[PDB]
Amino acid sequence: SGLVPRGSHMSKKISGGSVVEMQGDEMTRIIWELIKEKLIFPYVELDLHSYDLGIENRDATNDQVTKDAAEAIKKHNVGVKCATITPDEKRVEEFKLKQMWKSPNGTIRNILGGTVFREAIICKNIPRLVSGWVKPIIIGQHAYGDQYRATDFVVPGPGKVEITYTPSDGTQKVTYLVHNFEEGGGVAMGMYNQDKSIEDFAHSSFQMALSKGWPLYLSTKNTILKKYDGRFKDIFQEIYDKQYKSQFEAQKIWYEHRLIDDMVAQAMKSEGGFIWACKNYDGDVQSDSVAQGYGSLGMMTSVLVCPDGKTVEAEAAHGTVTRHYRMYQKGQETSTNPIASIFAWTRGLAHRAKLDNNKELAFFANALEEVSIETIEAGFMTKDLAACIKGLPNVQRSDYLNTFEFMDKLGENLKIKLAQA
């Protein structure tokens, strides 16, 4: 039967190393398991550290699992996160929650720190809503502080709201009048940010612009918040003058501070092709406008780059697609776009491979991104993208693939691509 041992038909899976996975809710959870089953695990073996951030396990552990996941990301340097339920009043009723738990993304970000870089996932055949955006716009959202770690409260009636700083060294405290309510009640809030966090934010922004060869703009409202936003402006400018200016000049680019009002108009009018450093809230809100302006709200990458220069968390930024989940729970067909979740996995695994000098893993991660884009541009897509192209009322069943058909088509094309290489 032949003295020479013939080669195996099954080929050796890639050693991918250590990865923290944050499991999610509803249809995104369904998608997440399909991605692992059909796209990752046949080709990559992982030392996978899985945390269930589904709403029921967050409730059971009093949100401790979210903290545990963040600490694990510190330890292993790579996290990949599925979309999760951020509960409102209805979710409190539906799950009999102990509390209207806060957004886990905010908790993870306030623990890890850094900058969330957000960018559209561009398909040649998905039309833009903004005509001129022929190059990408990359938002760098400062991931720490401000509204997302504030303390807000109802003022029940007349009285003084004051804000006080008490120096740790025992020198005199300073007290500022926020407002004397003399005619009724209202609301008040305190919020803050940290110098070191702002410095990390500036560093990540300058470095991303220099890595791309694109100009950088930071938006603030320092005309109104002269101290608070002026601190962002000053720290960026001093870091630019100290370390990065000659690097920008050598690449013929620039960094400029802009008022947020001007910056959103300028962005809308632009051709794309720049980095936009945003304070936490502005990056949160403006990335929705950028995501929708490129064609599809969900076709975004979202990667938290932590201040240590080694740790990354990639996530799907859209929601858990509740209506599709309900259909799926009744055995009905859905057409759920998995691209954002797939790219969470590929961006995470690409950083894993960079940390590990894993050439096989890096080739794989890029190959999966290529397969996803090429599949869509070849005309095989989920219903939402079909509607981007034709308009929802004109979509017919042959224009799109359902959730399982689309995953299977990606799996076929990934197998072809890895075979050809």
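Residue positions are given as counts along the sequence shown, with the first one as 1.
Asks: Could you settle it for me: does 212-220 or 166-174 have the higher average Cα B factor in the PDB entry?
Replies: Stretch with the higher mean C-alpha B-factor: 166-174.
Asks: Mean C-alpha B factor from the entry: is it higher for 151-159 or for 71-79?
Replies: The stretch with the larger mean CA B-factor is 71-79.
Asks: Out of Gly190, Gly309, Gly145, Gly186, which residue has the highest Cα temperature factor in the PDB record?
Replies: Comparing C-alpha B-factors across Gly190, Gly309, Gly145, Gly186, the maximum falls on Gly309.
Asks: In terms of recorded Cα temperature factor, pick the maximum from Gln141, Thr301, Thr320, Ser131.
Replies: Largest recorded C-alpha B-factor: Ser131.
Asks: Where does the C-alpha B-factor of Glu405 rank in its chain, lowest, middle or highest third?
Replies: Its C-alpha B-factor belongs to the highest third of this chain's values.
Asks: If you rank the chain by CA B-factor, which third does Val285 end up in: lowest, middle or highest?
Replies: Lowest third of the chain for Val285's C-alpha B-factor.
Asks: Looking at the C-alpha B-factor of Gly113, is it in the lowest, middle or highest third of its chain?
Replies: Middle third.
Asks: Would the CA B-factor of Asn105 place it in the lowest, middle or highest third of its chain?
Replies: Ranked within chain, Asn105 CA B lands in the middle tercile.
Asks: Where does the C-alpha B-factor of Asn358 rank in its chain, lowest, middle or highest third?
Replies: Highest third - that is where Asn358 ends up once the chain's C-alpha B-factors are sorted.
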